[PDB]
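Below is the file model_15.pdb, which contains PDB, C-alpha atoms.
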ATOM      1  CA  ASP I   1     105.193 141.483 121.699
ATOM      2  CA  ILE I   2     101.736 141.471 120.122
ATOM      3  CA  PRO I   3     100.553 137.874 120.652
ATOM      4  CA  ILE I   4      99.531 135.796 117.651
ATOM      5  CA  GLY I   5      97.695 132.497 117.779
ATOM      6  CA  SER I   6      94.265 134.079 117.780
ATOM      7  CA  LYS I   7      93.718 134.348 121.498
ATOM      8  CA  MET I   8      91.385 137.284 122.111
TER       9      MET I   8
ATOM     10  CA  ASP B   1      97.047 123.189 132.552
ATOM     11  CA  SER B   2      99.411 125.087 130.268
ATOM     12  CA  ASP B   3      97.750 126.759 127.295
ATOM     13  CA  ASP B   4     101.266 126.760 125.823
ATOM     14  CA  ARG B   5     101.701 126.270 122.086
ATOM     15  CA  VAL B   6     102.838 122.742 121.223
ATOM     16  CA  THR B   7     104.146 121.469 117.903
ATOM     17  CA  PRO B   8     102.079 118.602 116.435
ATOM     18  CA  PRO B   9     104.041 115.339 116.249
ATOM     19  CA  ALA B  10     105.446 113.952 113.025
ATOM     20  CA  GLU B  11     103.033 111.935 110.898
ATOM     21  CA  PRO B  12     104.378 108.967 108.903
ATOM     22  CA  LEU B  13     104.305 109.507 105.151
ATOM     23  CA  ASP B  14     102.006 106.497 104.621
ATOM     24  CA  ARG B  15      99.439 107.457 107.282
ATOM     25  CA  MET B  16      96.166 108.428 105.626
ATOM     26  CA  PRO B  17      93.965 111.125 107.185
ATOM     27  CA  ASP B  18      90.652 110.462 108.857
ATOM     28  CA  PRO B  19      87.660 111.289 106.639
ATOM     29  CA  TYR B  20      85.751 114.550 106.943
ATOM     30  CA  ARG B  21      83.362 116.570 104.801
ATOM     31  CA  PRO B  22      82.252 120.194 104.427
ATOM     32  CA  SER B  23      79.029 121.368 106.054
ATOM     33  CA  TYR B  24      77.325 124.420 104.517
ATOM     34  CA  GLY B  25      80.465 125.408 102.616
ATOM     35  CA  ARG B  26      83.175 124.752 105.219
ATOM     36  CA  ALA B  27      85.115 121.684 106.354
ATOM     37  CA  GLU B  28      87.330 121.383 109.420
ATOM     38  CA  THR B  29      89.727 118.827 110.862
ATOM     39  CA  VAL B  30      92.192 118.707 113.737
ATOM     40  CA  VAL B  31      95.657 119.912 112.742
ATOM     41  CA  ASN B  32      97.172 116.459 113.313
ATOM     42  CA  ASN B  33      94.789 115.084 110.683
ATOM     43  CA  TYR B  34      95.288 117.939 108.214
ATOM     44  CA  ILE B  35      99.032 117.229 108.332
ATOM     45  CA  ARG B  36      98.183 113.770 106.987
ATOM     46  CA  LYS B  37      96.120 115.280 104.163
ATOM     47  CA  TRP B  38      98.784 117.917 103.456
ATOM     48  CA  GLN B  39     101.444 115.205 103.170
ATOM     49  CA  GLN B  40      99.312 113.277 100.655
ATOM     50  CA  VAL B  41      98.281 116.074  98.265
ATOM     51  CA  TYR B  42     100.366 119.190  99.056
ATOM     52  CA  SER B  43     103.864 118.037 100.075
ATOM     53  CA  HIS B  44     105.272 117.093  96.663
ATOM     54  CA  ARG B  45     108.731 118.350  95.693
ATOM     55  CA  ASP B  46     109.176 117.554  91.986
ATOM     56  CA  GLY B  47     106.345 115.043  92.323
ATOM     57  CA  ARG B  48     107.870 113.265  95.342
ATOM     58  CA  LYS B  49     105.777 113.209  98.514
ATOM     59  CA  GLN B  50     107.473 114.565 101.631
ATOM     60  CA  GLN B  51     106.906 114.450 105.365
ATOM     61  CA  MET B  52     106.036 117.794 106.927
ATOM     62  CA  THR B  53     109.267 118.819 108.628
ATOM     63  CA  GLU B  54     109.657 119.695 112.297
ATOM     64  CA  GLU B  55     110.057 123.344 111.287
ATOM     65  CA  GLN B  56     106.947 123.388 109.087
ATOM     66  CA  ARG B  57     104.943 121.680 111.837
ATOM     67  CA  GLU B  58     106.139 124.407 114.214
ATOM     68  CA  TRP B  59     105.102 127.157 111.788
ATOM     69  CA  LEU B  60     101.699 125.539 111.238
ATOM     70  CA  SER B  61     100.985 125.351 114.983
ATOM     71  CA  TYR B  62     100.736 129.159 115.309
ATOM     72  CA  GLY B  63      97.163 129.228 113.987
ATOM     73  CA  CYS B  64      95.665 130.859 110.904
ATOM     74  CA  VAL B  65      99.080 132.237 109.943
ATOM     75  CA  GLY B  66     100.525 128.717 110.018
ATOM     76  CA  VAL B  67      98.836 127.416 106.864
ATOM     77  CA  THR B  68     100.054 130.354 104.770
ATOM     78  CA  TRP B  69     103.460 130.257 106.489
ATOM     79  CA  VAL B  70     103.940 126.588 105.582
ATOM     80  CA  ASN B  71     102.562 126.747 102.039
ATOM     81  CA  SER B  72     104.605 129.821 101.049
ATOM     82  CA  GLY B  73     107.725 128.977 103.072
ATOM     83  CA  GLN B  74     107.793 132.481 104.567
ATOM     84  CA  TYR B  75     105.989 134.370 107.301
ATOM     85  CA  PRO B  76     103.518 136.552 105.357
ATOM     86  CA  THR B  77     104.730 140.095 104.718
ATOM     87  CA  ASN B  78     101.599 141.356 102.892
ATOM     88  CA  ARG B  79     103.841 143.732 100.927
ATOM     89  CA  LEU B  80     101.984 143.376  97.603
ATOM     90  CA  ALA B  81      98.264 143.648  98.368
ATOM     91  CA  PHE B  82      95.098 144.409  96.394
ATOM     92  CA  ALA B  83      91.489 145.279  97.199
ATOM     93  CA  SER B  84      88.382 146.777  95.603
ATOM     94  CA  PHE B  85      86.542 149.749  97.111
ATOM     95  CA  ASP B  86      83.489 151.548  95.711
ATOM     96  CA  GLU B  87      84.412 155.185  96.324
ATOM     97  CA  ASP B  88      81.107 156.405  94.879
ATOM     98  CA  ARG B  89      79.011 154.156  97.130
ATOM     99  CA  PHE B  90      81.059 155.197 100.168
ATOM    100  CA  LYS B  91      80.723 158.914  99.418
ATOM    101  CA  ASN B  92      77.024 158.606  98.555
ATOM    102  CA  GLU B  93      76.001 156.529 101.582
ATOM    103  CA  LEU B  94      77.875 158.986 103.815
ATOM    104  CA  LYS B  95      76.111 162.053 102.379
ATOM    105  CA  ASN B  96      72.725 160.337 101.939
ATOM    106  CA  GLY B  97      72.529 157.710 104.672
ATOM    107  CA  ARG B  98      72.092 158.157 108.402
ATOM    108  CA  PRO B  99      73.312 156.197 111.441
ATOM    109  CA  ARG B 100      70.988 153.386 112.464
ATOM    110  CA  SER B 101      69.277 152.969 115.838
ATOM    111  CA  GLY B 102      72.273 152.842 118.173
ATOM    112  CA  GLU B 103      75.302 154.072 116.236
ATOM    113  CA  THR B 104      77.828 156.845 116.728
ATOM    114  CA  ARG B 105      78.723 158.751 113.563
ATOM    115  CA  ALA B 106      82.193 157.248 114.018
ATOM    116  CA  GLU B 107      80.565 153.802 114.103
ATOM    117  CA  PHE B 108      78.346 154.585 111.105
ATOM    118  CA  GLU B 109      81.286 155.862 109.046
ATOM    119  CA  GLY B 110      83.383 152.860 110.058
ATOM    120  CA  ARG B 111      80.698 150.389 108.994
ATOM    121  CA  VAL B 112      79.925 152.115 105.680
ATOM    122  CA  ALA B 113      83.632 152.078 104.825
ATOM    123  CA  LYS B 114      83.661 148.368 105.695
ATOM    124  CA  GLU B 115      80.644 147.529 103.518
ATOM    125  CA  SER B 116      82.034 149.549 100.590
ATOM    126  CA  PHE B 117      84.793 146.993 100.005
ATOM    127  CA  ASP B 118      84.133 144.229  97.468
ATOM    128  CA  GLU B 119      86.129 141.122  98.373
ATOM    129  CA  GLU B 120      85.092 139.335  95.166
ATOM    130  CA  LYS B 121      86.473 142.070  92.906
ATOM    131  CA  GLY B 122      89.481 142.392  95.211
ATOM    132  CA  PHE B 123      90.278 138.702  94.820
ATOM    133  CA  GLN B 124      89.495 139.035  91.103
ATOM    134  CA  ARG B 125      92.009 141.882  90.769
ATOM    135  CA  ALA B 126      94.730 139.855  92.495
ATOM    136  CA  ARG B 127      93.814 137.000  90.143
ATOM    137  CA  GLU B 128      94.384 139.009  86.957
ATOM    138  CA  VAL B 129      97.600 140.602  88.243
ATOM    139  CA  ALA B 130      99.007 137.216  89.281
ATOM    140  CA  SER B 131      98.195 135.879  85.808
ATOM    141  CA  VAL B 132     100.129 138.743  84.199
ATOM    142  CA  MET B 133     103.096 138.008  86.469
ATOM    143  CA  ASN B 134     103.033 134.291  85.627
ATOM    144  CA  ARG B 135     102.980 135.003  81.887
ATOM    145  CA  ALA B 136     105.876 137.430  82.375
ATOM    146  CA  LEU B 137     108.069 134.818  84.083
ATOM    147  CA  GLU B 138     107.136 131.856  81.855
ATOM    148  CA  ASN B 139     110.137 131.994  79.503
ATOM    149  CA  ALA B 140     112.156 134.639  81.386
ATOM    150  CA  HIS B 141     115.347 133.114  82.792
ATOM    151  CA  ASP B 142     116.626 136.259  84.537
ATOM    152  CA  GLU B 143     114.836 138.959  86.507
ATOM    153  CA  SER B 144     115.585 141.597  83.857
ATOM    154  CA  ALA B 145     113.655 139.600  81.252
ATOM    155  CA  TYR B 146     110.791 139.081  83.714
ATOM    156  CA  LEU B 147     110.518 142.808  84.442
ATOM    157  CA  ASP B 148     110.664 143.560  80.713
ATOM    158  CA  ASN B 149     107.946 140.990  79.997
ATOM    159  CA  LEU B 150     105.851 142.265  82.915
ATOM    160  CA  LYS B 151     106.014 145.935  81.910
ATOM    161  CA  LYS B 152     105.323 145.059  78.263
ATOM    162  CA  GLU B 153     101.966 143.406  78.945
ATOM    163  CA  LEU B 154     100.924 145.984  81.549
ATOM    164  CA  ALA B 155     101.588 148.826  79.098
ATOM    165  CA  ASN B 156      99.787 147.091  76.226
ATOM    166  CA  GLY B 157      96.945 146.312  78.626
ATOM    167  CA  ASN B 158      96.907 149.960  79.762
ATOM    168  CA  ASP B 159      97.258 148.791  83.362
ATOM    169  CA  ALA B 160      98.135 151.586  85.785
ATOM    170  CA  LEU B 161     100.496 149.112  87.483
ATOM    171  CA  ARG B 162     103.009 149.856  84.708
ATOM    172  CA  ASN B 163     103.785 153.220  86.345
ATOM    173  CA  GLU B 164     104.735 151.660  89.687
ATOM    174  CA  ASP B 165     108.205 152.564  90.912
ATOM    175  CA  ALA B 166     111.044 150.189  90.063
ATOM    176  CA  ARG B 167     111.508 149.536  93.800
ATOM    177  CA  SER B 168     107.798 149.379  94.663
ATOM    178  CA  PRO B 169     106.393 146.255  96.358
ATOM    179  CA  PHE B 170     104.857 145.300  93.003
ATOM    180  CA  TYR B 171     107.976 145.306  90.818
ATOM    181  CA  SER B 172     110.232 144.023  93.619
ATOM    182  CA  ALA B 173     107.864 141.229  94.699
ATOM    183  CA  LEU B 174     109.756 138.493  92.845
ATOM    184  CA  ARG B 175     113.315 139.533  93.722
ATOM    185  CA  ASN B 176     112.315 139.950  97.389
ATOM    186  CA  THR B 177     110.968 136.391  97.633
ATOM    187  CA  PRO B 178     113.543 134.370  99.630
ATOM    188  CA  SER B 179     112.908 131.109  97.757
ATOM    189  CA  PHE B 180     113.550 132.956  94.481
ATOM    190  CA  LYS B 181     117.218 133.422  95.418
ATOM    191  CA  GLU B 182     117.664 129.970  96.971
ATOM    192  CA  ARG B 183     119.600 127.505  94.832
ATOM    193  CA  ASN B 184     117.016 124.786  95.541
ATOM    194  CA  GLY B 185     114.114 127.141  94.785
ATOM    195  CA  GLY B 186     114.090 129.703  91.998
ATOM    196  CA  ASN B 187     117.891 130.012  91.753
ATOM    197  CA  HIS B 188     117.460 133.543  90.360
ATOM    198  CA  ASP B 189     115.424 132.071  87.475
ATOM    199  CA  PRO B 190     111.879 133.507  87.261
ATOM    200  CA  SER B 191     110.761 130.590  85.068
ATOM    201  CA  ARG B 192     111.136 128.262  88.081
ATOM    202  CA  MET B 193     108.681 130.311  90.187
ATOM    203  CA  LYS B 194     104.915 130.772  90.331
ATOM    204  CA  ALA B 195     102.672 133.511  91.710
ATOM    205  CA  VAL B 196     100.313 132.482  94.523
ATOM    206  CA  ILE B 197      97.575 134.277  96.452
ATOM    207  CA  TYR B 198      96.496 134.363 100.088
ATOM    208  CA  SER B 199      94.157 136.716 101.933
ATOM    209  CA  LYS B 200      94.391 138.693 105.168
ATOM    210  CA  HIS B 201      91.506 139.987 107.267
ATOM    211  CA  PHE B 202      92.477 142.705 109.727
ATOM    212  CA  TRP B 203      91.345 145.850 111.540
ATOM    213  CA  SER B 204      91.582 149.352 110.069
ATOM    214  CA  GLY B 205      92.083 151.434 113.217
ATOM    215  CA  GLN B 206      95.663 150.520 114.135
ATOM    216  CA  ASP B 207      97.103 153.974 114.933
ATOM    217  CA  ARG B 208      97.753 153.971 118.683
ATOM    218  CA  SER B 209      97.887 157.797 118.652
ATOM    219  CA  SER B 210      94.453 158.154 117.024
ATOM    220  CA  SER B 211      91.100 158.718 118.705
ATOM    221  CA  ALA B 212      89.447 155.887 120.612
ATOM    222  CA  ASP B 213      86.554 156.071 118.133
ATOM    223  CA  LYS B 214      88.730 154.815 115.275
ATOM    224  CA  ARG B 215      90.281 152.129 117.488
ATOM    225  CA  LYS B 216      86.798 150.927 118.487
ATOM    226  CA  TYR B 217      84.838 151.558 115.269
ATOM    227  CA  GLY B 218      87.407 151.773 112.484
ATOM    228  CA  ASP B 219      89.264 154.346 110.397
ATOM    229  CA  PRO B 220      87.429 154.872 107.075
ATOM    230  CA  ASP B 221      90.457 156.496 105.408
ATOM    231  CA  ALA B 222      92.757 153.615 106.413
ATOM    232  CA  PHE B 223      93.808 150.786 104.083
ATOM    233  CA  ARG B 224      91.868 152.008 101.066
ATOM    234  CA  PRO B 225      93.153 150.792  97.678
ATOM    235  CA  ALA B 226      94.799 153.291  95.368
ATOM    236  CA  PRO B 227      92.753 154.138  92.254
ATOM    237  CA  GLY B 228      93.679 152.465  88.994
ATOM    238  CA  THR B 229      96.036 149.907  90.534
ATOM    239  CA  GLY B 230      93.982 148.694  93.491
ATOM    240  CA  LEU B 231      97.129 148.460  95.614
ATOM    241  CA  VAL B 232      96.742 148.605  99.397
ATOM    242  CA  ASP B 233      99.561 150.129 101.452
ATOM    243  CA  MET B 234     100.072 147.512 104.167
ATOM    244  CA  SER B 235     103.043 149.310 105.749
ATOM    245  CA  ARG B 236     100.944 150.727 108.610
ATOM    246  CA  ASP B 237      99.385 147.340 109.427
ATOM    247  CA  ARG B 238     100.967 146.357 112.754
ATOM    248  CA  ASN B 239      98.800 143.346 113.719
ATOM    249  CA  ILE B 240      96.879 145.531 116.193
ATOM    250  CA  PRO B 241      93.398 144.172 117.014
ATOM    251  CA  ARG B 242      90.108 146.013 117.201
ATOM    252  CA  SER B 243      89.749 147.717 120.568
ATOM    253  CA  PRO B 244      86.902 146.461 122.794
ATOM    254  CA  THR B 245      83.675 148.439 123.044
ATOM    255  CA  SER B 246      82.750 147.083 126.494
ATOM    256  CA  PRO B 247      84.848 145.381 129.188
ATOM    257  CA  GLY B 248      85.371 141.684 128.557
ATOM    258  CA  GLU B 249      84.853 141.943 124.791
ATOM    259  CA  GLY B 250      87.782 140.180 123.110
ATOM    260  CA  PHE B 251      88.752 140.486 119.451
ATOM    261  CA  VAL B 252      91.195 138.511 117.314
ATOM    262  CA  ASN B 253      93.717 140.712 115.527
ATOM    263  CA  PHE B 254      93.891 139.075 112.083
ATOM    264  CA  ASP B 255      92.997 136.051 109.957
ATOM    265  CA  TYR B 256      94.956 134.497 107.082
ATOM    266  CA  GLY B 257      93.435 132.385 104.320
ATOM    267  CA  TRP B 258      95.448 130.431 101.754
ATOM    268  CA  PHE B 259      94.120 130.295  98.188
ATOM    269  CA  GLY B 260      97.187 129.214  96.210
ATOM    270  CA  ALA B 261      96.770 128.974  92.441
ATOM    271  CA  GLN B 262      93.521 127.116  91.793
ATOM    272  CA  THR B 263      92.306 127.159  88.194
ATOM    273  CA  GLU B 264      88.577 127.153  89.023
ATOM    274  CA  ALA B 265      86.972 130.114  87.281
ATOM    275  CA  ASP B 266      84.161 130.316  89.855
ATOM    276  CA  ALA B 267      85.432 132.519  92.670
ATOM    277  CA  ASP B 268      82.572 131.163  94.794
ATOM    278  CA  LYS B 269      83.845 127.603  94.216
ATOM    279  CA  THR B 270      87.426 128.361  95.294
ATOM    280  CA  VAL B 271      88.578 126.871  98.600
ATOM    281  CA  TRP B 272      90.416 128.874 101.266
ATOM    282  CA  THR B 273      92.465 127.158 103.973
ATOM    283  CA  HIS B 274      92.840 128.681 107.439
ATOM    284  CA  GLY B 275      93.144 127.721 111.092
ATOM    285  CA  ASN B 276      91.159 128.856 114.114
ATOM    286  CA  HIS B 277      93.996 129.421 116.619
ATOM    287  CA  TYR B 278      97.357 128.078 117.742
ATOM    288  CA  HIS B 279      97.747 124.446 118.787
ATOM    289  CA  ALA B 280      97.178 123.855 122.520
ATOM    290  CA  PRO B 281      95.305 120.584 123.145
ATOM    291  CA  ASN B 282      96.500 120.522 126.774
ATOM    292  CA  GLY B 283      95.360 124.116 127.302
ATOM    293  CA  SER B 284      92.357 126.429 127.211
ATOM    294  CA  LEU B 285      91.723 127.001 123.498
ATOM    295  CA  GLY B 286      92.197 123.321 122.679
ATOM    296  CA  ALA B 287      93.768 121.785 119.616
ATOM    297  CA  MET B 288      94.247 123.785 116.437
ATOM    298  CA  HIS B 289      91.743 122.993 113.691
ATOM    299  CA  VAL B 290      92.328 123.626 109.984
ATOM    300  CA  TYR B 291      89.321 125.005 108.110
ATOM    301  CA  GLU B 292      88.677 124.662 104.368
ATOM    302  CA  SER B 293      86.042 127.216 103.356
ATOM    303  CA  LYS B 294      84.419 128.235 100.108
ATOM    304  CA  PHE B 295      85.197 131.822  99.145
ATOM    305  CA  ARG B 296      81.908 133.301 100.369
ATOM    306  CA  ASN B 297      82.370 131.544 103.714
ATOM    307  CA  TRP B 298      85.884 132.977 104.013
ATOM    308  CA  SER B 299      84.968 136.449 102.735
ATOM    309  CA  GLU B 300      82.042 136.641 105.176
ATOM    310  CA  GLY B 301      84.671 137.471 107.813
ATOM    311  CA  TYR B 302      83.856 138.610 111.329
ATOM    312  CA  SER B 303      83.256 141.796 113.287
ATOM    313  CA  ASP B 304      86.903 141.561 114.387
ATOM    314  CA  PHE B 305      88.045 142.643 110.908
ATOM    315  CA  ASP B 306      86.756 145.481 108.730
ATOM    316  CA  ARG B 307      89.509 145.149 106.096
ATOM    317  CA  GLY B 308      90.404 142.506 103.537
ATOM    318  CA  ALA B 309      93.599 142.356 101.482
ATOM    319  CA  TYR B 310      94.435 139.835  98.759
ATOM    320  CA  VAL B 311      98.197 139.332  98.651
ATOM    321  CA  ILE B 312     100.496 138.043  95.907
ATOM    322  CA  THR B 313     103.764 136.240  96.622
ATOM    323  CA  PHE B 314     105.830 133.605  94.814
ATOM    324  CA  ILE B 315     106.779 129.968  95.364
ATOM    325  CA  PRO B 316     108.946 127.620  93.280
ATOM    326  CA  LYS B 317     107.152 125.597  90.613
ATOM    327  CA  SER B 318     108.711 122.448  92.109
ATOM    328  CA  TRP B 319     106.393 122.732  95.124
ATOM    329  CA  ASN B 320     102.831 121.426  95.320
ATOM    330  CA  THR B 321     101.329 123.688  98.022
ATOM    331  CA  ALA B 322      99.305 125.574  95.365
ATOM    332  CA  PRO B 323      97.862 122.881  93.073
ATOM    333  CA  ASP B 324      95.364 123.552  90.308
ATOM    334  CA  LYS B 325      92.572 121.945  92.356
ATOM    335  CA  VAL B 326      91.816 122.000  96.089
ATOM    336  CA  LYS B 327      89.273 119.572  97.547
ATOM    337  CA  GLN B 328      87.498 120.097 100.858
ATOM    338  CA  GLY B 329      87.661 117.265 103.352
ATOM    339  CA  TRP B 330      88.856 113.721 102.724
ATOM    340  CA  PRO B 331      88.794 111.642 100.629
TER     341      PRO B 331
END

Take the structure I supplied and represent it as structure tokens, if you would.
Amino acid sequence: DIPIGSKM
Amino acid sequence: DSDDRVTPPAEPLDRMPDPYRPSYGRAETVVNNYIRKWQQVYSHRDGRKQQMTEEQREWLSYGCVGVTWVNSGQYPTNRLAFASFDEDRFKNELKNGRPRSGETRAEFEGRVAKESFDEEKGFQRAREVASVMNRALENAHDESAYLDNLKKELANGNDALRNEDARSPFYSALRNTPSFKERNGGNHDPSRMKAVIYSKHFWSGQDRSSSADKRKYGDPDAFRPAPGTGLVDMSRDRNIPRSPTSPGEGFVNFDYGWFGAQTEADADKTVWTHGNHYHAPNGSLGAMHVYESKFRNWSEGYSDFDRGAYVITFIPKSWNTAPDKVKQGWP
């Protein structure tokens, strides 16, 4: 999915 | 080598956090240490300190969303959201201003729309609405009484929120809170709940079928608050980040900041809790750090986000994740 965890 | 997300280990209930202090309005500490502080001042259930559970520690480890996830007991939906937008300034600066040295008209319009928001008034609006909701649920022991109390004060206050649909995110915010229906939480009694506030920073150009200009410079018509109410329709927010302008440019998709229910009248003296990224001390990004920022430090935002929404949800009064006072650092 859309990754979260604030990796750009 | 794995930049995999790891869950911080359990911290004993007696373990005190290491000291730290804010610098120029913002304090930070490693997530393992903030768990110790959270367990001392935020973990109380009916005044009894608790250890942060394995599940809560897992939620927290996902980054900026983790603080709000843990404190509200639910992954943020952003269903009920408010913001302030100066329509007259936006229209005037469009028809009177001009793009600066090195700006496409799509970049100029995107920036002017960004600078037309007022995050102080947006947080102030969510403050006054949350106060109306708390007064409505004070002595209401069923949802029907809460809705009757809520509509009564909105109508007497001539608030445009009174005309919201019965099934709108505003009127359904309490009944759609999972902890409101739980027998250990609200137990279908509004008087056992409390309205809390967190904030979300995000990008406006999230339509994947729109022009590349809006994906790279923003959609001015997107995520504007409705007049009168100030409500923001967050249904089309899909956690999509700002598109890069040049190869290699990376942007973060969103940021979540937990306010809670502090009583401090100075917006600028309110503290907002957020994390920098998910927890990976054995990986590239490193360990997750929890930041405690004054409002102006939080509302300063970044170029990654051109939108700010101030969200209202509910937690049981028995919790202590939204105390009257929040102190940066430790002790």

Apply the PyMOL selection byres ((chain I) within 7 of (chain B)) to the structure shown and report the selected residues as a list in words. residues 5, 6, 7 and 8 of chain I

Take the residues just selected and output them with C-alpha atoms as an mmCIF file, in the coordinates of the input.
data_model
loop_
_atom_site.group_PDB
_atom_site.id
_atom_site.type_symbol
_atom_site.label_atom_id
_atom_site.label_comp_id
_atom_site.auth_asym_id
_atom_site.auth_seq_id
_atom_site.Cartn_x
_atom_site.Cartn_y
_atom_site.Cartn_z
ATOM 1 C CA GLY I 5 97.695 132.497 117.779
ATOM 2 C CA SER I 6 94.265 134.079 117.780
ATOM 3 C CA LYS I 7 93.718 134.348 121.498
ATOM 4 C CA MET I 8 91.385 137.284 122.111
#

Applied to this file, what does the PyMOL selection byres ((chain B and resi 313) around 10) return in terms of residues, put as a list in words?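 This file gives the following for the PyMOL selection byres ((chain B and resi 313) around 10): residues 72, 74, 76, 77, 78, 79, 80, 81, 130, 170, 173, 174, 176, 177, 194, 195, 196, 197, 198, 260, 311, 312, 314 and 315 of chain B.
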
Evaluate the PyMOL selection byres ((chain B and resi 206) around 12) here and jot the selected residues down as number ranges by chain. B: 202-205, 207-223, 234-243, 253-254, 305-307

>> Give me, as an MDAnalysis selection string, all polymer residues having an atom no more than 10 Å from residue 82 in chain B, counting all atoms listed in the file and skipping those fewer than 6 positions away in the same chain.
In response: chainID B and resid 119 121:127 129 199 224:226 229:234 308:312

Q.
Please compute the CA of residue 98 in chain B-CA of residue 301 in chain B distance, one decimal, in Å.
A.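 Result for CA of residue 98 in chain B versus CA of residue 301 in chain B: 24.2 Å, one decimal.
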
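The space separating CA of residue 290 in chain B from CA of residue 118 in chain B comes to 25.5 Å.
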
In Å and to one decimal, CA of residue 146 in chain B is distant from CA of residue 159 in chain B by 16.7 Å

Open item on the list: Residues within 12 Å of residue 17 in chain B, please, as a ChimeraX atom specification. Count only C-alpha atoms; anything in the same chain fewer than 2 positions from it doesn't count.
Closed with: /B:11-15,19-20,29-41,329-331

With distances taken over only C-alpha atoms, the candidate from B:6, B:113, B:147, B:132 nearest residue 59 in chain B is B:6

Report the centre and edge lengths, in Å to one decimal, of an axis-aligned box enclosing every atom of chain I listed in the file, padded by 5 Å on each side, as JSON.
{"center_x": 98.3, "center_y": 137.0, "center_z": 119.9, "size_x": 23.8, "size_y": 19.0, "size_z": 14.5}
